[PDB]
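Presented as structure tokens, the chain that follows is alone, the form deposited without the partner chain.
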């Protein structure tokens, strides 16, 4: 938790679109089993990728406006942002191994 950014629809532009460096955004919602599976995986990734990546989370039941703008369908959906643009997309729950391979491939 501590270094992971809790996003709102208000702050999304400043925190993600204007941020320097890669930001991985987790679009999640309440009552979501797959969302709960990857939540400790992302607290680990936040520590292991420190200096290379910032992790941020946006709960769509409390923040209904940003996800329609990115065409989000399945929840959870992870979007890797770089310089304000969507660099890569992964949707669905995945293991720690799969997430590391996805990040190592795309942080290049």
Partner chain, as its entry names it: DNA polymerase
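Residue numbers count along the first chain shown, from 1.
Averaged over their C-alpha atoms, the temperature factors of 95 to 103 and 13 to 21 are higher for 13 to 21. Stretch comparison (26 to 34 versus 44 to 52) by mean CA B-factor in the PDB entry places 44 to 52 on top. In the PDB entry, residue 77 places in the lowest third of its chain by CA B-factor. When the CA B factors of the chain's modelled residues are split into thirds, the value for residue 59 lands in the lowest one.
Another form, the form deposited with the partner chain bound, is not on view; read the next lines as being about it.
Remark: residue 89 counts among the residues lining the partner chain in the entry with it bound, judged by a heavy atom distance of 4.5 Å or less.
When the partner chain is considered in the entry with it bound, residue 98 lines it closely, a heavy atom lying within 4.5 Å.
Among heavy atoms of residue 51, none comes within 4.5 Å of the partner chain in the entry with it bound.
Taking non-hydrogen atoms only, residue 46 never approaches the partner chain to within 4.5 angstroms in the entry with it bound. Taken together, 60, 64 and 75 are fully in contact with the partner chain in the entry with it bound: each brings a heavy atom within 4.5 Å.
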